[PDB]
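Working notes for the structure below.
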Protein chains: 2
Amino acid sequence: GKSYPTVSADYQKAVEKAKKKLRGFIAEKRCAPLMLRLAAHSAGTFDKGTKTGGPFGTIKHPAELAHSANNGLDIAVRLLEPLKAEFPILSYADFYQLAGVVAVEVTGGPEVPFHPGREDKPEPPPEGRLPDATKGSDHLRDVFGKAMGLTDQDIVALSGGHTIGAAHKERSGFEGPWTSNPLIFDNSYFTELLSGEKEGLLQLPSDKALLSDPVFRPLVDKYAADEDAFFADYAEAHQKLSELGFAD
Amino acid sequence: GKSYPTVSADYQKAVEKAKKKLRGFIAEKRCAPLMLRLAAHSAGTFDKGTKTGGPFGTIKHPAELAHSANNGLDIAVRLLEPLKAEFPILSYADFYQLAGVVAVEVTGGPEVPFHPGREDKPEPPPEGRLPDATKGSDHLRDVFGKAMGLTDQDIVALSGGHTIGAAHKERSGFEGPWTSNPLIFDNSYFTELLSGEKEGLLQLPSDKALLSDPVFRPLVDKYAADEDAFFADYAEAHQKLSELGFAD
Ligand code: HEM
Ligand code: HEM
Ligand code: NA
Ligand code: NA
Ligand code: NA
Ligand code: NA
């Protein structure tokens, strides 16, 4: 359903150069998971019914960063400012989504297709649209389905983003990594979900909800058994997420 | 002059998966410069006149690792063994060259084209073919030109590989990084060469030789002024290096 806008040759040149610089920066700084979280929280405010929110640069606003669910994302925005300044032609919206795509790539994940042209919008969406870690499948469908317009498959695949990174007791309150290799993008999130609670690894109530839902569970099983299938569905879902409200 | 061999679909699938896994591993382990050094020392033993040496997996042999110029590369080989074992179909030769290509990519450098099909050869080349850091332009031409068959342009561009990493007093004896950002691949090696010896940054006699040679100096100037030109020439040179003796 996408009709991507035209951007100038200079814009495309900046996208390509920024992608390279983001690889080096994100790898060196060890901030891939934080950048993926930034991209997801930027995009995840989209409401399809009103066509409000989504990946339009508003997460840079102190007002949006102050949202409870966005604790710690001010670090991500600050980390990217010097590099963003080297690419003044790029929108913040494109830059943050490119950082999310790069975060997945540098940690060994699939290559998520990227299309430039998001415009920075003036007003942050209302607070409270982002997923709630303490709730289950009904709420996941409310957020990803009813608001964002993504599928049940997308929900499970995107939950696999937790294969990189960790929670922090000072941010959400939850604490620790989902996987034994929090800078490696693979299907281990699903493997860990299936094996039960191993010592030192995190499972949110929202992660656990995937195991007991009739639609989500077969997907968990599939991804645990078949990393290639996970990578394919993940790339599809991440692309859709990164493009909510954009190019239709 | 290259006619690349055919490899099976399964081989190509392993190349693509290994490339991803190498990105994640190399980024996490912070070993990009060591892996680039490994790939360069593997390839740099090629002698065009005899068609001996080159990137054919022999650097994995304890006998080749024992070469003075290869101090510390046993670490690189060890680091890669677990991942290599996940891709039994791949030659070590291809795996090490792919690691070098990935090292450049993850640090923000150009995308160096990669072609599979190098076969692992039984016998390491004689010791003493690798570049000597204490010598100058004549010796650089002996090694890169007379032996490897690379151009003067290739010599200067490849010297820019020192934009990542550092020397170690326990390995070569030289000590410290060439650049202020040793995990970032950019044209800073050349910028530093031109500005003089800044505190805490390394310049080998072989680096300094580039500044006073009539052919090498204009290239240093070009790369210092134009990072895009450096990236283009670097990608060309690295590809050629990685393919010495291979596919003609
Ligand atoms: C499915 C609903 C989701 C819930 C309930 C959820 C919740 C959370 C929570 C509570 C944290 C911990 C924040 C902290 O304390 O630092 C977190 C972190 C993270 N989230 Fe999710 N999230 C969801 C979806 C996503 C999606 C769609 C992505 C991207 C594909 C994503 C990527 C990440 C990453 C990479 C981290 C680690 C951040 C770091 O290491 O600093 N999450 N998420
Ligand atoms: C031009 C002739 C060259 C000379 C004289 C030379 C010499 C050296 C020396 C003495 C070291 C330090 C080893 C140590 O003590 O750890 C080193 C490291 C390194 N070399 Fe070169 N080299 C040359 C060419 C190359 C090429 C062609 C490449 C790849 C394009 C390369 C990539 C590297 C890298 C990335 C390191 C850092 C390794 C680390 O951080 O552990 N070098 N080189
Ligand atoms: Na955004
Ligand atoms: Na992981
Ligand atoms: Na090799
Ligand atoms: Na550097």
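Naming convention: chains lettered A, B, ... in sequence-line order (proteins, then strands); numbering from 1 in each chain. Start at 1 and go down the list; that is how both ligands and their atoms are numbered. Hydrogens, waters and symmetry mates are skipped; everything else that's a heavy atom, side chains included, is used.
In this structure, CG in A/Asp142 is found 11.0 Å from CG in A/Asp132, a value given to the nearest 0.5 Å. Taken from CG in B/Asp94 to CZ in B/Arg118, the straight-line distance is 5.0 Å, to the nearest 0.5 Å.
Among protein heavy atoms, the minimum distance from atom 39 (C) of ligand 1 is reached at A/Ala166 O, 3.3 Å. Here the protein heavy atom with the shortest distance to atom 27 (C) of ligand 1 is A/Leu158 CB, 3.6 Å. Taking atom 35 (C) of ligand 1 as the reference point, the nearest protein heavy-atom neighbour is A/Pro33 O, 3.2 Å. The shortest contact between atom 14 (C) of ligand 1 and any protein heavy atom is with A/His168 N, 3.4 Å.
By the 30° and 60° cut-offs, the orientation of the rings of A/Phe230 relative to A/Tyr223 is tilted. Between B/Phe246 and B/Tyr4, the two ring planes are tilted [angle within 30° to 60°].
Using a 4.0 angstrom heavy-atom cutoff, A/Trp178 counts as in contact with ligand 1. Using a non-hydrogen distance threshold of 4.0 Å, A/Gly72 does not register as a contact of ligand 1.
Atoms O of A/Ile184 and O of A/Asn181, as seen from the Na ion (ligand 4), are separated by an angle of 90°, to the nearest 10°. At the Na ion (ligand 4), the vertex angle linking O of A/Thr163 with OG1 of A/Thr179 is 70° (nearest 10 degrees).
Between A/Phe185 and A/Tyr234, a ring centre-to-centre spacing shorter than 6.0 Å is recorded.
Listed by chain and number, the protein N, O or S atoms at a distance under 2.8 Å from atom 21 (Fe) of ligand 1 are A/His162 NE2.
The side-chain heavy atoms of B/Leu83 and B/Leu22, taken from C-beta on, include a pair separated by under 4.5 Å. Counting heavy atoms from C-beta on, the side chains of A/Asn71 and A/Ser172 never come closer than 4.5 Å. With a 4.5 Å cut-off on side-chain heavy atoms, A/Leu202 and A/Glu175 do not count as touching.
If you number the atoms of ligand 1 from 1 as listed, the ones under 4.0 Å from a heavy atom of A/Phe144 come out as 1 (C), 2 (C). Applying the 4.0 Å criterion to heavy atoms of A/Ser206 picks out, from ligand 1, the atoms 5 (C). Ligand-side atoms of ligand 1 in range of A/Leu140: 1 (C), 2 (C), range being under 4.0 angstrom from any heavy atom.
Counting heavy-atom neighbours within 6.0 Å of A/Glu127 CD, excluding the residue itself, gives a total above 12.
Backbone and side-chain nitrogen or oxygen atoms of A/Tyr234 are examined, and none is located within less than 3.5 angstrom of a nitrogen or oxygen of ligand 1. At under 3.5 Å, a nitrogen or oxygen of A/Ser172, whether backbone or side chain, sits near a nitrogen or oxygen of ligand 1.
For the 3.5 Å distance criterion, the side chains of A/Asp186 and A/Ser188 qualify, holding a donor opposite an acceptor. No side-chain donor from either of B/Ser91 and B/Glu119 sits under 3.5 Å from a side-chain acceptor of the other.
Of the options A/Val104, A/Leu36, A/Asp154, A/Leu204, the smallest heavy-atom separation from atom 9 (C) of ligand 1 is shown by A/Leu204.
A salt bridge does not link A/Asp248 with A/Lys2: none of the charged nitrogens is closer than 4.0 Å to a carboxylate oxygen. Under the 4.0 Å criterion applied to side-chain N and carboxylate O atoms, B/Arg23 and B/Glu105 are assigned as salt-bridge partners.
One of the N, O or S atoms belonging to A/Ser42 lies under 3.0 Å away from the Na ion (ligand 3).
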